[PDB]
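Here are the chains, one letter per residue:
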Amino acid sequence: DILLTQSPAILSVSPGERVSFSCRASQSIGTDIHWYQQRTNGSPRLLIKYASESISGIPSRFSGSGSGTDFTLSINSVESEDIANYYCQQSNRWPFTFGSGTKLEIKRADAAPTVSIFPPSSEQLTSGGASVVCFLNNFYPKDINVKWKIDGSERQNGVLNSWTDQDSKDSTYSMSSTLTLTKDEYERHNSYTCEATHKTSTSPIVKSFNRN
Amino acid sequence: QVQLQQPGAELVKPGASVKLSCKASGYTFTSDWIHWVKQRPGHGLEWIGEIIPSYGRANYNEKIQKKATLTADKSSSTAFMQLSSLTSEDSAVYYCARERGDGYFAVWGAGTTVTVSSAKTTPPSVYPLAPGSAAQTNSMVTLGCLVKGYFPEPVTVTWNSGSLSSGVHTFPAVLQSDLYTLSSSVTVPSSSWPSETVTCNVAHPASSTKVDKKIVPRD
Amino acid sequence: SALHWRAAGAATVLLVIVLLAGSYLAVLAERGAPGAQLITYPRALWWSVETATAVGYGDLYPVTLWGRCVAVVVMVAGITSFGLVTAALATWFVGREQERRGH
Ligand SMILES: CCCCCCCCCO
Ligand SMILES: [K+]
Ligand SMILES: [K+]
Ligand SMILES: [K+]
């Protein structure tokens, strides 16, 4: 069948600049190329049909060009909400095929994380467990390390981390660090500490709480 | 209105089958084709097949192992895809889409998250995440809620019944001991809470659950 | 009403019907065949017109048996209807020439 090559797989741009995604077909297909946008956890949304025709409700900064085997999706003045995966579906011959997709990243200004630590809830303590949650919100870039200390001593067991994809509202990233313990082991200690080390500063951002 | 309605999730046992539905709305034509597209987590879009409901003819992708069978009920305007003898390689989000006859998908459904596993379905336990007594506050304060111990994916987290959408981070779930766990964060003007309510709503479609929990300060 | 003109109009309407149904049936028959290009309704209709006129651009054609059968029906409908218009014009001109000589 008709192969659609989308290279590069990742495009990184600065806010406000013009970006262009490439889509090459293995054979001449006229202008029977359509473009879709899929944000994180969202459904694909049609952006351009027939290589260049506009869709109602799509921002006019989206345009397409090309014919034959080489096609281009272009965005004038990229902004945060444009962060998504972009696919170029073909429909010149049966069966229809999709490109492999191109992710768009935005290089924004560096941002220090906002750290918040949360003790386990009362209900969870009645359940017989205890999770200490730490949020590292809206930082940039995505590289960051979290550190847990219990009574001044570093803790590594029982920690689970999760990272978000780049945020479509401000081009930042966020991280959650959850330390899960028994109720018994939770109430046998006093100090619980979450430590974030980021490029934004040489000193870590430290948030702690005592059960006292 | 949403043109294509799909169930949120389906839990299948290995070797079993499942029939996904796709209910249509809006303008329908005899020329309409309904397509089904497979997306594994982290991967791209994979065309599965198509059906013309007004005639009942269905076509399938030749290159992949045929696991689907496409049907359509014309009275209820519903398209069905029967996936049979499912392997862990079949766990993915399955979208349906409508095509007027130009060869592009004008509208897609929200997709059905199909997880094939032996584990039992488990509704989530959600706990409030309010600041401790010693925490200081600036112009803004951040709260959250912890969605722990559910299976399978996914869960939908909203804040104040969707009315609060700005300043929300719902983290990807982490899987351990055959159970998922995530947390959701929301940031709100420090003066606005707790005088104005803050409640997180967690929907788990695989267990048909949806629970609220209000974020009350520890006072 | 004159017979030749009546049959001419009937062939026009019937030809339009054969073009539309031919586009629909062409798309229905050609989808599912790898490499087929007759899979969208607008250019299937354009291909129906090309086939009925035998213009021979060669940009679209079916690859399946049933698509080729639909094609044959469209070909014969076009040839038949256009030849019918030719025959109606012939009848008309023979009438007008027969009155032009007082016979
Ligand atoms: C009259 C032409 C039949 C329409 C296409 C039927 C195709 C069924 C076998 O593929
Ligand atoms: K000719
Ligand atoms: K020709
Ligand atoms: K001729």
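Residues numbered from 1 in each chain as written, not as in the entry; some residues may be left out. Chains lettered and ligands numbered in written order. Heavy atoms only, no water. Residues with missing side-chain atoms left out of burial classes, pairs and counts.

For this coordinate set, the PDB header names X-ray crystallography as the determination method and states a resolution of 2.3500 Å.

Along chain C, the regular secondary structure elements total three helices and zero strands. On C-alpha atoms alone, chain C measures out to a radius of gyration of 18 Å, which is more than a quarter above the 13 Å that the 2.2 N^0.38 rule sets for 103 residues. Dimensions along the principal axes, computed over C-alpha positions, put chain C at roughly 65 × 25 × 20 Å. Across chain C, contacts joining residues at least 24 apart in sequence account for 57% of those joining residues at least 6 apart. (Helix = DSSP H or I, 4+ residues; strand = E, 2+ residues; numbered from the N terminus. Rg over C-alpha atoms; globule rule 2.2 N^0.38 Å. Contact = heavy atoms within 4.5 Å.)

Residue and element names in this part refer to chain B. Overall, antiparallel pairing links the three strands, which are arranged β14-β18-β19 in an open sheet. What marks the edges here is a single partner per strand, and that holds for β14 (156-159) and β19 (209-214). Adjacent strand axes in the sheet meet at a mean angle of 15°, parallel and antiparallel pairs treated alike. Across four bridges, β14 lies against strand β18 (residues 199-204) in antiparallel orientation. Within β18, the residue paired with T156 across the bridge is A203. (Pairing = 2+ DSSP bridges. Axes fitted to C-alpha atoms, helices over the stretch in contact; angles between N-to-C directions.)

Let us look at the interface of chain C and chain A. Counting residues at the interface gives nine residues for chain C, matched by seven residues for chain A. In terms of surface lost to chain A, no three residues of chain C exceed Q37(C), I39(C) and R43(C), which account for 48% of the buried area on that side. Our count for the contact surface shared by chain C and chain A stands at one salt bridge. Residue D32(A) is joined to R43(C) by a salt bridge in which the shortest nitrogen-to-oxygen separation is 2.5 Å. The tally of links from chain C across to chain A stands at five residue pairs in polar contact. (Buried area = accessible area lost by both parts, 1.4 Å probe. Salt bridge = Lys/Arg side-chain N within 4 Å of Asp/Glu carboxyl O. Polar contact = N/O pair within 3.5 Å; in protein donor to acceptor, adjacent residues only side chain to side chain.)

The subject of this paragraph is unusual backbone geometry. All names here are of chain B. Following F151, the chain continues into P152 via a peptide bond in cis, with omega recorded as -5°. Looking at the secondary structure, you find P152 in the loop between β13 (140-150) and β14. For the bond running from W193 to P194, omega is 5°, close enough to zero to count as cis. The residue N160 is not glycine, and still its phi comes out positive at about 60°. Along the chain, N160 falls in the loop between β14 and β15 (168-170). One non-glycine residue, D178, lies in positive phi territory at about 70°.

Turning to the domain arrangement of chain B, a few remarks are in order. Residues and elements named next belong to chain B. Split into domains, chain B comes out as domain 1 (1-118) and domain 2 (119-217). Between domain 1 and domain 2, the C-alpha centre-to-centre distance is 31 Å. The interface is formed by seven residues belonging to domain 1 together with nine residues belonging to domain 2. The set of elements that each furnish at least two residues to the side of domain 1 that touches domain 2 consists of β2 (9-12) and β11 (112-116). Each residue belonging to the side of domain 1 that touches domain 2 can be placed in one class, and the counts come to two nonpolar, five polar and no charged. (Domains from an automatic or database assignment. Nonpolar A, V, L, I, M, F, W, Y, C, P; charged D, E, K, R; others polar.)

Taken together, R57(B), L25(C), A29(C), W66(C) and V70(C) make up the full set of residues near ligand 1. Surrounding ligand 1 is a set of residues that belongs to chains B and C. Within the side chain of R57(B), a nitrogen or oxygen atom sits 2.6 Å from an oxygen atom of ligand 1. Protein coverage of the free-state accessible area of ligand 1, which is 350 Å², stands at 65%. The set of elements that each furnish at least two residues to the shell around ligand 1 consists of α1 (3-30) and α3 (65-100) of chain C. In the shell around ligand 1, the residues fall into four nonpolar, no polar and one charged. (Near = heavy atom within 4 Å. Areas by Shrake-Rupley, 256 points an atom, 1.4 Å probe, with all protein chains shown as cover.)

Once that is clear, we can look at the nonpolar core. Ranked by size, the top nonpolar core spans 45 residues in total, and within it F21(A), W35(A), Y86(A) and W108(B) carry the most contacts. Secondary-structure elements contributing two or more residues to this core are β2 (10-13), β3 (19-25), β4 (33-38), β5 (45-49), β8 (70-75), β9 (85-90) and β10 (102-106) of chain A together with β9 (92-99) of chain B. Among the elements that make up this core, the one with the highest residue count is β3(A) (four residues). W108(B) has contacts with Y36(A), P44(A), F98(A), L4(B), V37(B), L45(B), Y95(B), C96(B) and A97(B), leaving out every residue within four places of it along the chain. (Core = buried A, V, L, I, M, F, W, Y, C linked by side-chain atoms within 4.5 Å. Buried < 20%, exposed > 50% of the residue type's maximum accessible area, 1.4 Å probe, protein only.)

Attention shifts here to a nonpolar patch on the surface. Residues and elements named next belong to chain C. On the surface, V16, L20, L45, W46, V49, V55 and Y57 cluster together into a nonpolar patch covering about 620 Å² of accessible area. Element by element, the count of residues in the nonpolar patch is highest for helix α2 (residues 41-53), at three residues. Mapping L20 onto the fold places it in helix α1. (Patch = residues over 30% accessible without salt bridge, like charges linked within 9 Å, V, L, I, M, F, W, Y side chains within 5 Å.)

Attention now goes to the packing of α1(C) against α2(C). Residues and elements named next belong to chain C. Running from N to C, α1 and α2 cross one another at 130°; their axes reach a closest spacing of 8 Å. When the interaxial angle is binned, α1 and α2 end up oblique. In terms of crossing hand, the pair formed by α1 and α2 is right-handed. Taken together, the residues of α2 that come into contact with α1 (itself represented by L15, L19, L20, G22, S23, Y24, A26 and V27) are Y41, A44, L45, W47, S48, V49 and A52. Along the lines of polarity and charge, the residues of the contact of α1 with α2 split into twelve nonpolar, three polar and no charged. (Parallel < 35°, antiparallel > 145°, perpendicular 65-115°, else oblique. Left-handed = near helix turned anticlockwise from the far one by under 90°.)

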